[PDB]
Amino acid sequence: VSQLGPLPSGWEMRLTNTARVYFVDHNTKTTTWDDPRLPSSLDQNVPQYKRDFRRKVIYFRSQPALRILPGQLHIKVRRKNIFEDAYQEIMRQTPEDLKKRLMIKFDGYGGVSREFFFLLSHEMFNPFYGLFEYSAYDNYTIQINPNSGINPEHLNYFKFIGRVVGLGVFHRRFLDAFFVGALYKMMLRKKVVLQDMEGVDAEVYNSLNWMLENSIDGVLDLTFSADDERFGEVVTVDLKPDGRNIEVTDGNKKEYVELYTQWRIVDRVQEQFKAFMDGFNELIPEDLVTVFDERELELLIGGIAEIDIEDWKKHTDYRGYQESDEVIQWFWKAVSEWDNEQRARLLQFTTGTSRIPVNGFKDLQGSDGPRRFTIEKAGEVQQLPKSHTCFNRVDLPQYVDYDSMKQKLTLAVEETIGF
């Protein structure tokens, strides 16, 4: 059934005595009902949103439009130049070319894809480049910066980003997408409602949500026009034909509030977002991604950012160790103590990324296919912990004591991937 893609390396699919498909993991020396090319099964007592999610993922992963093309595509980038390099290496390929397998090589394969997407998304989605901006100084979720156009070629960078966000969706790669909730709606062509103004502009939100319930006349006077702050100057725009003249009162409020919202959030970044989806669409057909609601899309693009320690521990394979050895117990102790960031950096070190599937660590992806997080007995005491980002394994030496283990484990993650 290779309309869903061919199996991962070391996988066989046989039939039960009654022709009920099951699979063989030549790697794990095990077998399962779950297709490794599809999200893992859901255990009973699991929220509908999650079961329904695994369901829509298969739907979305079966359509001809989401099918890898024969051959491969090469992306040569340098790590300190990942952004400008990726831009060139990618905006020069057509959409069809961009659908082949990804062979990414940092100057000087499969598991490099995770590390590639995780890292590039850090760059694009950084408010540094003026492409995006933190909505507030509080929430570190981002949204399109309307001032992006100070750079004449800025609509290109968006098309590139859209290609990339779509490419990560297309090739099953997670992104550090911390978007505002309203952006995912726009990616699904769902209308944006006044609720969205909360995550965008928490200030104007509470204001707009006051003129709908409370009094208006003799309290505030305005028209169907707004003020656009761009670069120290301001420009009044009509929210509708002849807006700067049509006043607003307790009898208008439904309109203005419903025109301002659509302006500040959507229209104001019409060009930027128009281009973005133009690129996201070269890969992910609009009429396909719309199988998801705003939440599911956000999860599809970006996976689960918050690592669950107890699920991680429950789904770690051991090699040369028992689940009750001093080093292992100690290892999980370090994790417990560590904040999320300290954990994410460790995962970023071992797997290549800090994102995790909605199915949790049960279905943690490697380069080839399914690969559970693995801790193996290897290396000497004075040796730093090592990793193979394609295998999800960490050769953890059997350190003699705690304080010495937690030391070498730190400089390994602090120096290799010093986030």
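Note that residue numbering follows the sequence shown and begins at 1.
The entry models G108 and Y109 with a gap of 4 to 9 deposited residues left without coordinates. When 371-379 is weighed against 53-61, 371-379 comes out higher, by mean CA B-factor as recorded in the entry. Looking at mean Cα B-factors across 240-248 and 167-175, the upper value is held by 240-248. When the C-alpha B-factors of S215, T316, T141, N156 are read from the PDB record, the largest value belongs to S215.
The top Cα temperature factor in the record, among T223, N81, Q262, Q88, falls on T223. Ranked by Cα temperature factor within the chain, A202 sits in the highest third according to the deposited record.
Placement of the Cα temperature factor of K254 within the chain: highest third of the modelled residues, per the deposited record.
In the deposited entry, the Cα temperature factor of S135 places it in the middle third of its chain's modelled residues.
Among the modelled residues of the chain, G352 sits in the lowest third by CA temperature factor in this PDB entry.
Per the deposited record, the Cα B-factor of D325 falls in the highest third when ranked against the other modelled residues of its chain.
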